[PDB]
Amino acid sequence: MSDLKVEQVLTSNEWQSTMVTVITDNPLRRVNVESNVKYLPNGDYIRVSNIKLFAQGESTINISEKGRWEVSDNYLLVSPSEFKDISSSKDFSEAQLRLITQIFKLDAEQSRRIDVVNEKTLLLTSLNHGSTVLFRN
């Protein structure tokens with residue numbers, strides 16, 4: 001589909017997203033990021049993410065995010081302008097949480113190819129950072 005069709009798909013509804021990163025397979029074992037995101041047609045977006053951390057032997061970081069977005073050649077391009085930890089604490093130190101947040105912020109700006117999984121579900125695939133699932137009700 002065309003870039004303007006893709007833009008209309010993104011702006012016509014609000015979206016939820018899920019991204020899972022497996023860390024170990026045999027200390028932090030896995031990270032689940034669950035988000036709500038709104039793409040506005042003026043090129044702004046707002047995104048609120050719950051970063052769920054699972055270490056073997058559960059803790060959560062809440063992040064509010066704003067920035068600019070664009071569609072080019074069926075890729076979703078994102079340039080975050082600000083992040084704010086609004087989490088209202090854990091079994092992880094403040095340094096650990098800061099490092100996890102830095103990786104989250106890096107993922108937040110990755111360009112992702114857009115593919116339609118079904119009427120309510122999109123797959124966002126990057127070259128080197130995996131896939132995020134975008135879905136609506």
# chains A, B, ... in the order shown; residues from 1 in each chain; ligands from 1

call {"tool": "residues_around", "arguments": {"residues": "residue 124 in chain A", "least_positions_apart": "3", "cutoff": "9 Å", "atoms": "only C-alpha atoms", "output": "PyMOL selection string"}}
result
chain A and resi 75-76+111-116+130-134

call {"tool": "residues_around", "arguments": {"residues": "range 52-54 of chain A", "least_positions_apart": "2", "cutoff": "7 Å", "atoms": "only C-alpha atoms", "output": "ChimeraX atom specification"}}
result
/A:28-33,50,56,58-61

call {"tool": "residues_around", "arguments": {"residues": "residue 49 in chain A", "least_positions_apart": "2", "cutoff": "9 Å", "atoms": "only C-alpha atoms", "output": "short mmCIF file (atom, residue, chain, number, x, y, z; two decimals) with N, CA and C atoms, in the first residue's frame"}}
result
data_model
loop_
_atom_site.label_atom_id
_atom_site.label_comp_id
_atom_site.auth_asym_id
_atom_site.auth_seq_id
_atom_site.Cartn_x
_atom_site.Cartn_y
_atom_site.Cartn_z
N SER A 17 0.90 -1.74 21.64
CA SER A 17 2.01 -2.52 21.10
C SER A 17 2.62 -3.42 22.17
N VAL A 33 7.78 -5.16 26.75
CA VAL A 33 7.36 -3.76 26.66
C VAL A 33 5.92 -3.70 26.13
N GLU A 34 5.00 -3.17 26.94
CA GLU A 34 3.61 -2.97 26.53
C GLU A 34 3.31 -1.48 26.49
N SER A 35 2.79 -1.01 25.36
CA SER A 35 2.62 0.42 25.13
C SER A 35 1.21 0.75 24.64
N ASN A 36 0.86 2.02 24.83
CA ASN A 36 -0.23 2.67 24.12
C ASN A 36 0.37 3.81 23.31
N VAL A 37 0.01 3.91 22.03
CA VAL A 37 0.61 4.91 21.15
C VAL A 37 -0.47 5.58 20.31
N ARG A 47 3.41 8.30 23.28
CA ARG A 47 3.54 6.89 23.58
C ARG A 47 3.83 6.70 25.06
N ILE A 51 7.46 -1.07 30.88
CA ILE A 51 8.60 -1.96 30.68
C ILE A 51 8.61 -2.99 31.80
N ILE A 61 8.81 -0.53 34.89
CA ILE A 61 9.15 0.86 34.62
C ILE A 61 8.10 1.45 33.69
N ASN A 62 7.53 2.59 34.08
CA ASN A 62 6.55 3.30 33.26
C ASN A 62 7.21 4.52 32.65
N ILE A 63 7.08 4.66 31.33
CA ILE A 63 7.76 5.70 30.57
C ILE A 63 6.76 6.42 29.68
N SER A 64 6.74 7.75 29.75
CA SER A 64 5.97 8.58 28.83
C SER A 64 6.93 9.18 27.81
N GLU A 65 6.49 9.24 26.56
CA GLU A 65 7.37 9.56 25.44
C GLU A 65 6.62 10.41 24.43
#

call {"tool": "closest_residue", "arguments": {"among": "A:48, A:43, A:99, A:2", "to": "residue 15 in chain A", "atoms": "only C-alpha atoms"}}
result
A:48

call {"tool": "select_by_dssp", "arguments": {"residues": "range 13-112 of chain A", "states": "helix (DSSP H, G or I)", "output": "PyMOL selection string"}}
result
chain A and resi 94-108

call {"tool": "closest_residue", "arguments": {"among": "A:73, A:25, A:119, A:44", "to": "residue 4 in chain A", "atoms": "only C-alpha atoms"}}
result
A:73

call {"tool": "closest_residue", "arguments": {"among": "A:41, A:67, A:80, A:27", "to": "residue 7 in chain A", "atoms": "only C-alpha atoms"}}
result
A:41

call {"tool": "select_by_dssp", "arguments": {"residues": "range 53-115 of chain A", "states": "strand (DSSP E)", "output": "tab-separated table (two decimals) with N, CA, C and O atoms, in the first residue's frame"}}
result
chain	number	residue	atom	x	y	z
A	53	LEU	N	10.06	-6.23	33.66
A	53	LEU	CA	11.35	-6.90	33.80
A	53	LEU	C	11.16	-8.19	34.59
A	53	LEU	O	10.53	-8.18	35.65
A	54	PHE	N	11.69	-9.29	34.06
A	54	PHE	CA	11.60	-10.61	34.68
A	54	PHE	C	13.01	-11.13	34.91
A	54	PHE	O	13.73	-11.41	33.95
A	55	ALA	N	13.41	-11.23	36.16
A	55	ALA	CA	14.65	-11.89	36.52
A	55	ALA	C	14.31	-13.20	37.21
A	55	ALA	O	13.37	-13.26	38.02
A	59	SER	N	9.09	-6.62	38.14
A	59	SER	CA	9.20	-5.18	38.38
A	59	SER	C	8.87	-4.43	37.10
A	59	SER	O	9.01	-4.97	36.00
A	60	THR	N	8.42	-3.18	37.23
A	60	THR	CA	7.90	-2.42	36.09
A	60	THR	C	8.37	-0.98	36.06
A	60	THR	O	8.32	-0.28	37.08
A	61	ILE	N	8.81	-0.53	34.89
A	61	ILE	CA	9.15	0.86	34.62
A	61	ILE	C	8.10	1.45	33.69
A	61	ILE	O	7.81	0.86	32.64
A	62	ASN	N	7.53	2.59	34.08
A	62	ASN	CA	6.55	3.30	33.26
A	62	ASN	C	7.21	4.52	32.65
A	62	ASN	O	7.84	5.31	33.36
A	63	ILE	N	7.08	4.66	31.33
A	63	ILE	CA	7.76	5.70	30.57
A	63	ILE	C	6.76	6.42	29.68
A	63	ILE	O	6.01	5.77	28.93
A	64	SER	N	6.74	7.75	29.75
A	64	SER	CA	5.97	8.58	28.83
A	64	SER	C	6.93	9.18	27.81
A	64	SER	O	8.04	9.59	28.16
A	65	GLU	N	6.49	9.24	26.56
A	65	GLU	CA	7.37	9.56	25.44
A	65	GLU	C	6.62	10.41	24.43
A	65	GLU	O	5.44	10.18	24.16
A	66	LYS	N	7.30	11.39	23.87
A	66	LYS	CA	6.74	12.20	22.80
A	66	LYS	C	7.77	12.38	21.71
A	66	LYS	O	8.99	12.34	21.97
A	67	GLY	N	7.29	12.58	20.49
A	67	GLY	CA	8.20	12.87	19.40
A	67	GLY	C	7.50	13.05	18.07
A	67	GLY	O	6.30	13.34	18.00
A	68	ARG	N	8.28	12.86	17.02
A	68	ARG	CA	7.87	13.00	15.63
A	68	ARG	C	7.98	11.63	14.96
A	68	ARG	O	8.82	10.81	15.33
A	69	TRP	N	7.12	11.40	13.98
A	69	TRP	CA	7.07	10.14	13.25
A	69	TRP	C	6.85	10.44	11.77
A	69	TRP	O	6.36	11.51	11.40
A	70	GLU	N	7.17	9.45	10.94
A	70	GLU	CA	7.01	9.60	9.51
A	70	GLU	C	6.93	8.22	8.89
A	70	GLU	O	7.47	7.25	9.44
A	71	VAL	N	6.27	8.12	7.74
A	71	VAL	CA	6.24	6.90	6.93
A	71	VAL	C	6.97	7.19	5.64
A	71	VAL	O	6.66	8.17	4.95
A	72	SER	N	7.94	6.33	5.30
A	72	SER	CA	8.70	6.46	4.07
A	72	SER	C	9.01	5.07	3.55
A	72	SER	O	9.66	4.28	4.25
A	75	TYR	N	8.16	2.17	5.68
A	75	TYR	CA	8.87	2.14	6.95
A	75	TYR	C	8.32	3.21	7.88
A	75	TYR	O	8.10	4.34	7.45
A	76	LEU	N	8.14	2.84	9.14
A	76	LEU	CA	7.79	3.79	10.19
A	76	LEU	C	9.09	4.34	10.77
A	76	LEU	O	9.87	3.60	11.37
A	77	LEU	N	9.33	5.63	10.56
A	77	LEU	CA	10.49	6.33	11.10
A	77	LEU	C	10.04	7.16	12.29
A	77	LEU	O	9.00	7.82	12.24
A	78	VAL	N	10.84	7.14	13.35
A	78	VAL	CA	10.47	7.74	14.63
A	78	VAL	C	11.67	8.51	15.14
A	78	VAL	O	12.79	7.99	15.14
A	79	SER	N	11.44	9.74	15.60
A	79	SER	CA	12.49	10.54	16.23
A	79	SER	C	11.97	11.04	17.56
A	79	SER	O	11.29	12.08	17.63
A	80	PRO	N	12.22	10.33	18.66
A	80	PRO	CA	11.69	10.75	19.95
A	80	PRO	C	12.28	12.08	20.38
A	80	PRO	O	13.46	12.35	20.14
A	81	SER	N	11.44	12.93	20.95
A	81	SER	CA	11.94	14.21	21.44
A	81	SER	C	12.08	14.24	22.96
A	81	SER	O	12.97	14.95	23.45
A	82	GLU	N	11.31	13.46	23.70
A	82	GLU	CA	11.44	13.49	25.15
A	82	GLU	C	10.89	12.20	25.75
A	82	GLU	O	9.90	11.64	25.25
A	83	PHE	N	11.53	11.75	26.83
A	83	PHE	CA	11.11	10.61	27.63
A	83	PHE	C	10.99	11.05	29.07
A	83	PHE	O	11.82	11.83	29.55
A	84	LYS	N	9.99	10.54	29.79
A	84	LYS	CA	9.86	10.87	31.20
A	84	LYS	C	9.44	9.61	31.94
A	84	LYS	O	8.40	9.02	31.63
A	85	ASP	N	10.25	9.21	32.93
A	85	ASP	CA	9.87	8.12	33.82
A	85	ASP	C	8.81	8.63	34.79
A	85	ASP	O	9.11	9.44	35.68
A	112	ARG	N	11.25	0.97	11.38
A	112	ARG	CA	10.66	-0.36	11.29
A	112	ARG	C	9.77	-0.50	10.07
A	112	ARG	O	8.89	0.33	9.83
A	113	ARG	N	10.01	-1.56	9.30
A	113	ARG	CA	9.17	-1.87	8.17
A	113	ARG	C	7.77	-2.28	8.65
A	113	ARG	O	7.63	-3.00	9.64
A	114	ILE	N	6.74	-1.81	7.96
A	114	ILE	CA	5.36	-2.04	8.37
A	114	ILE	C	4.75	-3.13	7.49
A	114	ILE	O	4.76	-3.01	6.26
A	115	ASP	N	4.18	-4.15	8.12
A	115	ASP	CA	3.45	-5.19	7.41
A	115	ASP	C	2.12	-5.43	8.10
A	115	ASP	O	2.04	-5.38	9.34

call {"tool": "atom_distance", "arguments": {"atom1": "CA of residue 16 in chain A", "atom2": "CA of residue 39 in chain A"}}
result
11.4 Å

call {"tool": "atom_distance", "arguments": {"atom1": "CA of residue 121 in chain A", "atom2": "CA of residue 18 in chain A"}}
result
11.1 Å

call {"tool": "atom_distance", "arguments": {"atom1": "CA of residue 136 in chain A", "atom2": "CA of residue 14 in chain A"}}
result
7.0 Å

call {"tool": "closest_residue", "arguments": {"among": "A:45, A:104, A:135, A:92", "to": "residue 11 in chain A", "atoms": "only C-alpha atoms"}}
result
A:45

call {"tool": "closest_residue", "arguments": {"among": "A:57, A:94, A:122, A:129", "to": "residue 109 in chain A", "atoms": "only C-alpha atoms"}}
result
A:129

call {"tool": "closest_residue", "arguments": {"among": "A:97, A:74, A:12, A:91", "to": "residue 126 in chain A", "atoms": "only C-alpha atoms"}}
result
A:74
